[PDB]
């Protein structure tokens, strides 16, 4: 490995770990990519870095400009650590219904937070971010529209999976938030390596928007955005699979308990999908790869841990 | 990277990141090794894996046996994920001062917790664990005595530093808890690569036991054990340096804020010492390497985040 000139350069190179007890009695192989092991501990670190780097290259972002994005979750954390490592002023807009601890993490990187009325929800944070981003000197990455999001997974996540498995990956299963992960990995495998792979998107059964149903409330943070994102390319996805909130929560708990993998709720969702796919007779002896986006300690205040006080 | 057959094999291979703003105006070069990027997110993952593997190879640990260890933080977490990954019953002793968040992390891996009197500290934990380990069928790794602890650093941490710097490491600065990190890296560089390295042990000014002062209470968790561990090899250490709780907490805040590196209190302690050493005239144009043991989210409930409510 090189010496990274700042922490944003250290994204990726995450490990593939074989799942052993949740797969007991299957003849396929299930490998988990641990995206929790990133400079700011989630998969979003890849796109926080890539969207900043790409805006530098194109001139949309210049030194002294202000970065603004409407986000509570992992994307705010990634942008915060990247802007701190690379020296940009950062503002994040979020409804005031935001956990005091997620805000501490964001403020530890020196991000400025703009709370918008909780009643207007996410669309209120988006409106404020658009208003701020309209002024000159401010840049908005736009995580759901920015092609630099799937492109970094074409350049890093995709190749890492291809090379760590030595070309043995027959199924890729990924929860879909912005959809950049599943789009970039599928593009790399199918178009750049010409590799046959069955690509499965995972969404909450309570908000099955990718399969055409109506958005709803759900607890699988980071996926189920309530719309089909522009960064999600349905043409490289072969199947949509939904999981319940309880399946996701329980499978994340079993990943820690039975595999020693501390991970979040959407990790349980992805794995719960992957293990159902991996039980199909047509995939006997095949390799199923899935992504676990972040780590369990980010979920101490959530429903993931409520059974442990 | 290979496919890891379980999560314990995925230890290490952590990045070296150049520190840029905290070093502004020094002519030396300070590189931070990010041990938060480990399967259970601390440096102890290396020795949790290694001590279990070593006990398996030696026959001191067999399938069906019960693992027991005293811990005040990361060693419990490391052993917990390893025992979940590899299938051992685990019981940890710890003072009742252990935060609720730490307990929950240990419970998520299915470890049993035995609480010892808070005012008796680590020594009261060590004694209850020794008691429990007397039972036939029980095994105690003994993190302060087990040579498998510095050995894994001779085998992984040392070589990673040597390889990523291409033999450019003139100073090694590390906080001492068990001392295995500094002992193993220093043995590797001095005894095996025959490389001249100024090796700096960092301990709390409020508990300068390595320097022969009295044990005292302090907030730099993970270091300042209150005694000199057998796994600390004084013959490979060139200098003992004290840092205040205030220095450590503030420097950990500055690493997040000015570098985008979210890390723990002991990380600020090591960096506070590394920056002092790196400003010395004899190290102009030289390379100083230090270890940042874990990640910031483990410390939300601590004095590290007191300034953010």
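Ideal geometry is used to build each Cβ from the backbone, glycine not excepted, and the neighbour counts take in all protein chains shown. Quick note: the coordinates plus some simple rules give every number you see, no bench work behind them.
At 20 °C and 1.002 mPa s, what whole-number value in µm²/s does Stokes-Einstein give for the translational diffusion of segment B:220-304, with Rh from the Kirkwood sum over Cα pairs? Working shown, then result.
Details: Rh = 13.9 Å.
After rounding, the answer is 154 µm²/s.
From the square roots a ≥ b ≥ c of the eigenvalues of the alpha-carbon gyration tensor of chain A, which class results: rounded (a/c under 1.5), prolate (a/b over b/c), or oblate?
Values: a/c = 1.68, a/b = 1.40, b/c = 1.20.
In terms of gyration-tensor shape, prolate.
If you bin the C-alpha pair distances of the protein assembly as shown every 10 Å from 0, what whole percents do you get?
All Cα pairs, binned at 10 Å, distribute as 3, 17, 28, 27, 17, 6, 1, 0 percent.
Along Cα→Cβ, 7 Å out, is where each label goes; now give me the distance between the ones at residue A:302 and residue B:135 in nm to one decimal.
A separation of 3.5 nm, rounded to one decimal place.
Based on the Kirkwood radius over alpha-carbon pairs, what value in µm²/s does the Stokes-Einstein equation return for the translational diffusion coefficient of segment A:150-248 at 4 °C and 1.567 mPa s? Working shown, then result.
Working: Rh = 13.6 Å.
The calculation lands on 95 µm²/s.
Just rank B:247, A:166, B:203, fewest to most, by other beta-carbon atoms within 10 angstrom. Please list the in-between numbers first.
Working: B:247 20, A:166 9, B:203 26.
Ranking B:247, A:166, B:203 by Cβ neighbours within 10 Å, fewest first, gives A:166, B:247, B:203.
State, as an integer percentage, the relative contact order of segment A:242-309 based on alpha-carbon contacts under 8 Å between residues 6 or more apart.
On the way: 86 pairs, mean separation 23.4, N = 68.
Over segment A:242-309, the number comes to 34 percent.
For residue A:280, place a label point 7 Å from Cα along the Cα-to-Cβ direction in every copy; what are the distances to the other copies, in nm, shortest first?
Shortest to longest, the spacings are 6.3 nm.
Going by the alpha-carbon gyration tensor, a ≥ b ≥ c the square roots of its eigenvalues, is segment A:89-226 rounded (a/c under 1.5) or, if a/c is not under 1.5, prolate (a/b greater than b/c) versus oblate? Can you show the working numbers first?
On the way: a/c = 2.31, a/b = 1.67, b/c = 1.38.
In terms of gyration-tensor shape, prolate.
Could you give the length gained by full extension between residue B:234 and residue B:21, i.e. 0.36 nm per residue of separation minus their alpha carbon distance, to one decimal place?
Details: separation 213, 0.36 × 213 = 76.68 nm, distance 3.26 nm.
Stretched out fully, the residue B:234 to residue B:21 stretch lengthens by 73.4 nm.
What is the ratio of the Cα radius of gyration of segment B:3-58 to 2.2 N^0.38 Å, with N the residue count, to two decimals?
Numbers: Rg = 15.7 Å, N = 56, 2.2 N^0.38 = 10.2 Å.
It is 1.55.
What is the calculated FRET efficiency for residue B:227 to residue A:115, with r their C-beta to C-beta distance and R₀ = 51 Å, to the nearest 0.05?
0.60
For residue B:193 and residue A:168, FRET efficiency with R0 = 51 Å and r from the beta-carbon atoms, rounded to 0.05?
Working: r = 37 Å, r/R0 = 0.72.
E between residue A:168 and residue B:193, to the nearest 0.05, is 0.90.
Quick check: residue separation of residue A:5 and residue A:89 times 0.36 nm, minus the Cα distance between them. What number comes out in nm?
So the chain would gain 28.3 nm between residue A:5 and residue A:89.
Of the residues B:293, B:15, B:141, which exhibits the maximal mean-square fluctuation in a Gaussian network model of chain B defined by a 10 Å Cα contact cut-off?
B:15
Would you kindly give the portion of the calculated P(r) for segment B:167-309 that falls above 27 Å, as a percent of all Cα pairs? It would help to have the intermediate numbers written out before the result.
Numbers: 1888 of 10153 pairs.
Result: 19 percent of Cα pairs exceed 27 Å.
Can you give the relative contact order of segment A:45-145 as a percent, counting alpha carbon pairs under 8 Å and 6+ residues apart? List each step's numbers first, then the result.
Details: 161 pairs, mean separation 33.1, N = 101.
In percent, rounded to a whole number, it is 33.
Over segment A:45-145, how many percent of alpha carbon pairs lie in each 5 Å bin up to the one with the longest distance?
Going out from 0 Å in 5 Å bins, segment A:45-145 shows 3, 15, 27, 26, 20, 8, 2, 0 percent.
Any idea what the residue B:196 label distances to the other copies are, label 7 Å down the Cα→Cβ vector, nm, shortest first?
Distances to the matching label points in the other copies: 6.3 nm.
Which of A:55, A:274, A:32 moves most in a GNM of chain A, Cα contacts under 10 Å?
Top of the fluctuation ranking is A:55.
Using alpha carbons only, how many degrees (0 to 90, rounded to 10) separate the axis of helix B:245-259 from the longest principal axis of chain B?
For helix B:245-259, the angle is close to 70 degrees.
Can you give the calculated 222 nm mean residue ellipticity of chain B, where each DSSP H run of n ≥ 4 adds -39,500 (n - 2.57) and the sum is split over every residue, rounded to the nearest 500 deg cm²/dmol? Intermediate results must be reported in sequence, preceding the final value.
On the way: 9 runs with 100 residues, N = 309.
After summing the helix terms and dividing by the residues of chain B, the value is -10000 deg cm²/dmol.
So how far, in whole Å, is the C-alpha centre of segment B:106-170 from the one of segment B:1-76?
Between the Cα centre of segment B:106-170 and that of segment B:1-76, the gap is 11 Å.
Between copies, how far apart are the residue B:114 label points? List them in nm, one decimal, shortest first, with each point 7 Å from Cα toward Cβ, please?
Reported distances to equivalent positions: 5.6 nm.
What nm value, rounded to one decimal, do you get for the distance between residue B:99 and residue B:211 when each label is placed 7 Å out toward the C-beta?
2.7 nm
Counting other beta carbons within 10 Å of each Cβ, put A:191, B:218 in order, fewest first. Spell out each step's value before the answer.
On the way: A:191 12, B:218 21.
In increasing order of surrounding Cβ atoms, one gets A:191, B:218.
Using a Gaussian network model of chain B whose springs link C-alpha atoms within less than 10 Å, name the residue from B:168, B:143, B:135 with the highest mean-square fluctuation.
Comparing B:168, B:143, B:135 in the GNM, the peak value goes to B:135.
In whole percent, what relative contact order does chain A give with Cα contacts below 8 Å and a gap of six or more residues? Mind showing how you got there, number by number?
Details: 651 pairs, mean separation 62.1, N = 309.
Reported relative contact order: 20 percent.
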